[PDB]
file target-v1.csv (CSV, C-alpha atoms)
chain,number,residue,atom,x,y,z
A,1,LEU,CA,0.0,0.0,0.0
A,2,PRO,CA,1.7,3.2,-1.1
A,3,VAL,CA,0.4,6.0,1.1
A,4,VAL,CA,0.5,9.8,1.0
A,5,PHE,CA,0.2,12.0,4.1
A,6,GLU,CA,-0.7,15.7,4.0
A,7,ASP,CA,-0.8,18.5,6.6
A,8,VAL,CA,0.4,16.3,9.4
A,9,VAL,CA,0.4,18.1,12.8
A,10,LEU,CA,1.8,16.8,16.1
A,11,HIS,CA,0.0,18.3,19.0
A,12,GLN,CA,1.6,16.7,22.1
A,13,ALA,CA,4.5,14.3,22.6
A,14,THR,CA,3.5,11.0,24.3
A,15,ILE,CA,6.0,9.6,26.8
A,16,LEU,CA,6.7,5.9,27.1
A,17,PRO,CA,6.8,4.8,30.8
A,18,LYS,CA,9.5,2.4,31.9
A,19,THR,CA,6.7,0.2,33.2
A,20,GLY,CA,3.2,-0.3,31.8
A,21,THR,CA,1.8,0.7,28.4
A,22,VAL,CA,0.1,3.5,26.6
A,23,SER,CA,-3.0,2.9,24.5
A,24,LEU,CA,-3.1,4.9,21.3
A,25,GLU,CA,-6.3,5.0,19.3
A,26,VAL,CA,-6.5,5.6,15.5
A,27,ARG,CA,-9.7,6.8,13.7
A,28,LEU,CA,-9.9,7.3,9.9
A,29,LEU,CA,-12.5,9.3,8.0
A,30,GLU,CA,-12.3,7.7,4.6
A,31,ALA,CA,-14.7,10.1,3.0
A,32,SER,CA,-12.7,13.2,4.0
A,33,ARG,CA,-9.3,11.4,3.8
A,34,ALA,CA,-8.5,12.5,7.4
A,35,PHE,CA,-7.2,10.7,10.5
A,36,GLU,CA,-6.7,11.3,14.2
A,37,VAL,CA,-4.5,9.6,16.8
A,38,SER,CA,-5.6,10.1,20.4
A,39,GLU,CA,-4.5,9.1,23.9
A,40,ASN,CA,-7.1,9.2,26.7
A,41,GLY,CA,-9.2,11.5,24.5
A,42,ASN,CA,-6.4,14.1,24.0
A,43,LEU,CA,-5.5,14.7,20.4
A,44,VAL,CA,-1.9,13.8,19.7
A,45,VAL,CA,-1.7,13.7,15.9
A,46,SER,CA,-3.9,15.0,13.1
A,47,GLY,CA,-3.7,15.3,9.3
A,48,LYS,CA,-4.7,13.6,6.0
A,49,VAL,CA,-3.9,10.1,4.9
A,50,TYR,CA,-5.0,8.3,1.7
A,51,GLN,CA,-3.8,5.8,-0.9
A,52,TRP,CA,-1.4,6.8,-3.6
A,53,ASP,CA,-3.4,5.8,-6.8
A,54,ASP,CA,-0.7,6.2,-9.4
A,55,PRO,CA,2.9,6.1,-8.1
A,56,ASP,CA,5.7,7.9,-9.9
A,57,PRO,CA,9.2,6.6,-9.4
A,58,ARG,CA,10.4,10.0,-10.9
A,59,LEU,CA,9.5,11.6,-7.6
A,60,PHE,CA,12.3,9.5,-5.9
A,61,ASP,CA,15.1,10.6,-8.3
A,62,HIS,CA,17.6,12.4,-6.2
A,63,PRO,CA,17.4,16.2,-6.2
A,64,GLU,CA,20.0,18.6,-7.5
A,65,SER,CA,22.6,18.7,-4.8
A,66,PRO,CA,22.8,22.0,-2.8
A,67,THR,CA,26.6,21.9,-3.3
B,1,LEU,CA,-28.0,18.1,25.4
B,2,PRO,CA,-27.3,21.7,24.5
B,3,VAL,CA,-25.0,21.5,21.5
B,4,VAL,CA,-22.8,23.8,19.3
B,5,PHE,CA,-22.2,23.4,15.6
B,6,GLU,CA,-19.3,25.2,14.0
B,7,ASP,CA,-17.8,25.7,10.5
B,8,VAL,CA,-20.4,23.5,8.9
B,9,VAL,CA,-20.0,22.9,5.2
B,10,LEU,CA,-22.6,21.2,2.9
B,11,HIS,CA,-20.8,19.6,-0.1
B,12,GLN,CA,-23.6,18.0,-2.0
B,13,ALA,CA,-27.4,17.6,-1.9
B,14,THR,CA,-29.0,14.2,-1.2
B,15,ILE,CA,-32.1,13.6,-3.3
B,16,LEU,CA,-34.7,11.6,-1.3
B,17,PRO,CA,-35.9,8.9,-3.7
B,18,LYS,CA,-39.6,8.4,-4.4
B,19,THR,CA,-39.2,4.6,-3.9
B,20,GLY,CA,-36.5,3.2,-1.8
B,21,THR,CA,-34.2,4.6,0.9
B,22,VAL,CA,-31.0,6.5,1.1
B,23,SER,CA,-28.6,5.7,4.0
B,24,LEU,CA,-26.5,8.4,5.7
B,25,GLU,CA,-23.6,7.6,7.9
B,26,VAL,CA,-22.3,10.0,10.6
B,27,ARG,CA,-18.9,9.6,12.2
B,28,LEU,CA,-17.5,11.7,15.1
B,29,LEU,CA,-13.9,12.5,16.2
B,30,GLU,CA,-14.4,13.6,19.8
B,31,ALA,CA,-10.8,14.6,20.4
B,32,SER,CA,-10.8,16.8,17.3
B,33,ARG,CA,-14.5,17.7,17.9
B,34,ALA,CA,-15.2,17.1,14.2
B,35,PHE,CA,-18.0,15.2,12.4
B,36,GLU,CA,-18.6,13.9,8.9
B,37,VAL,CA,-21.8,12.7,7.1
B,38,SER,CA,-21.2,10.4,4.1
B,39,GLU,CA,-23.6,9.1,1.6
B,40,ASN,CA,-22.4,5.8,0.0
B,41,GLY,CA,-18.9,7.0,0.5
B,42,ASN,CA,-19.2,10.6,-0.7
B,43,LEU,CA,-18.7,13.5,1.8
B,44,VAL,CA,-22.0,15.4,2.4
B,45,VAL,CA,-21.6,17.6,5.5
B,46,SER,CA,-18.4,18.4,7.4
B,47,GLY,CA,-17.7,20.6,10.4
B,48,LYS,CA,-17.4,20.6,14.2
B,49,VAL,CA,-20.0,19.7,16.8
B,50,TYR,CA,-19.5,19.6,20.6
B,51,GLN,CA,-21.4,19.8,23.8
B,52,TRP,CA,-22.1,23.3,25.1
B,53,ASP,CA,-20.5,23.3,28.6
B,54,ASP,CA,-22.2,26.4,30.0
B,55,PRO,CA,-25.5,27.4,28.4
B,56,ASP,CA,-26.4,31.0,29.0
B,57,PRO,CA,-29.9,32.4,28.3
B,58,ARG,CA,-28.6,35.9,27.5
B,59,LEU,CA,-27.4,34.7,24.1
B,60,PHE,CA,-31.0,34.4,22.9
B,61,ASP,CA,-32.3,37.9,23.9
B,62,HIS,CA,-33.8,39.5,20.8
B,63,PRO,CA,-31.4,42.0,19.1
B,64,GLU,CA,-32.9,45.4,18.8
B,65,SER,CA,-34.2,45.9,15.3
B,66,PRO,CA,-32.3,48.4,13.2
B,67,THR,CA,-35.6,49.6,11.8
call {"tool": "encode", "arguments": {"input": "target-v1.csv", "output": "structure tokens"}}
result
Amino acid sequence: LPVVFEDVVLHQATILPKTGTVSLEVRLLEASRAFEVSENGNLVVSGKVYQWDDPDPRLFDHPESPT
Amino acid sequence: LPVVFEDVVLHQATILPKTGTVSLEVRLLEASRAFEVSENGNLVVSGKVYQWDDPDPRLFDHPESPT
């Protein structure tokens, strides 16, 4: 599955405890091509995710070097 | 439930069929306080909806008419 993200925003940084676990929930809105990651109801990440219909290997040709 | 809708956008009109039924699906993202209404996989209504924490009657006092 080739995927394209857009307008990703990171709202808060989740910290991994030395003991226990953190539950992250992921909800997709397929119609609007949007997603949302949450932890205990507090938004952590937001943006747009959808499938790349027609890949172009040209996009991965290396850019003109700065130097 | 006193509620608040915000930044609502209607993207297309659903035509109610004379015979049959049309099924609308509504999904909520509580953390983002956003909602989407899709019709067979096509976005219809998008915006934000959330509970009104502190209702206040003053907001409904009738504005003095300019005329």
call {"tool": "interface_residues", "arguments": {"input": "target-v1.csv", "of": "chain B", "to": "chain A", "cutoff": "7 Å", "atoms": "all atoms listed in the file", "output": "list in words"}}
result
residues 31, 32, 38, 41, 42 and 43 of chain B
call {"tool": "atom_distance", "arguments": {"input": "target-v1.csv", "atom1": "atom CA of residue A:1", "atom2": "atom CA of residue A:49"}}
result
11.9 Å
call {"tool": "atom_distance", "arguments": {"input": "target-v1.csv", "atom1": "atom CA of residue B:50", "atom2": "atom CA of residue B:7"}}
result
11.9 Å
call {"tool": "atom_distance", "arguments": {"input": "target-v1.csv", "atom1": "atom CA of residue B:14", "atom2": "atom CA of residue B:47"}}
result
17.4 Å
call {"tool": "build_atoms", "arguments": {"input": "target-v1.csv", "residues": "stretch 31-44 of chain B", "atoms": "N, CA, C and O atoms", "output": "short mmCIF file (atom, residue, chain, number, x, y, z; two decimals), in the coordinates of the input"}}
result
data_model
loop_
_atom_site.label_atom_id
_atom_site.label_comp_id
_atom_site.auth_asym_id
_atom_site.auth_seq_id
_atom_site.Cartn_x
_atom_site.Cartn_y
_atom_site.Cartn_z
N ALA B 31 -11.97 13.87 20.03
CA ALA B 31 -10.80 14.60 20.40
C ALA B 31 -10.62 15.84 19.48
O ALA B 31 -10.28 16.94 19.95
N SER B 32 -10.85 15.67 18.18
CA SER B 32 -10.80 16.80 17.30
C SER B 32 -12.11 17.60 17.26
O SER B 32 -12.13 18.70 16.71
N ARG B 33 -13.17 17.08 17.88
CA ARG B 33 -14.50 17.70 17.90
C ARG B 33 -14.90 18.06 16.45
O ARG B 33 -15.29 19.18 16.12
N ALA B 34 -14.84 17.04 15.59
CA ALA B 34 -15.20 17.10 14.20
C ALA B 34 -16.20 16.01 13.86
O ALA B 34 -16.22 14.98 14.53
N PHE B 35 -16.99 16.23 12.81
CA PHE B 35 -18.00 15.20 12.40
C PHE B 35 -18.00 15.23 10.85
O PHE B 35 -17.65 16.21 10.19
N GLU B 36 -18.45 14.10 10.30
CA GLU B 36 -18.60 13.90 8.90
C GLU B 36 -19.86 13.11 8.60
O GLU B 36 -20.14 12.15 9.31
N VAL B 37 -20.61 13.50 7.57
CA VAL B 37 -21.80 12.70 7.10
C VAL B 37 -21.49 12.32 5.67
O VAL B 37 -21.27 13.16 4.79
N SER B 38 -21.49 11.01 5.44
CA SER B 38 -21.20 10.40 4.10
C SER B 38 -22.37 9.70 3.59
O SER B 38 -23.16 9.12 4.34
N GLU B 39 -22.52 9.73 2.26
CA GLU B 39 -23.60 9.10 1.60
C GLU B 39 -23.02 8.13 0.53
O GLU B 39 -22.57 8.57 -0.53
N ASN B 40 -23.00 6.84 0.84
CA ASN B 40 -22.40 5.80 0.00
C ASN B 40 -20.96 6.05 -0.30
O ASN B 40 -20.43 5.65 -1.33
N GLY B 41 -20.28 6.70 0.64
CA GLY B 41 -18.90 7.00 0.50
C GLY B 41 -18.51 8.33 -0.05
O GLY B 41 -17.33 8.56 -0.36
N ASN B 42 -19.47 9.23 -0.18
CA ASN B 42 -19.20 10.60 -0.70
C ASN B 42 -19.51 11.57 0.47
O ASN B 42 -20.57 11.50 1.11
N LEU B 43 -18.58 12.48 0.72
CA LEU B 43 -18.70 13.50 1.80
C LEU B 43 -19.95 14.36 1.50
O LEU B 43 -20.12 14.85 0.38
N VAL B 44 -20.77 14.58 2.53
CA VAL B 44 -22.00 15.40 2.40
C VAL B 44 -21.81 16.66 3.27
O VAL B 44 -21.80 17.79 2.77
#
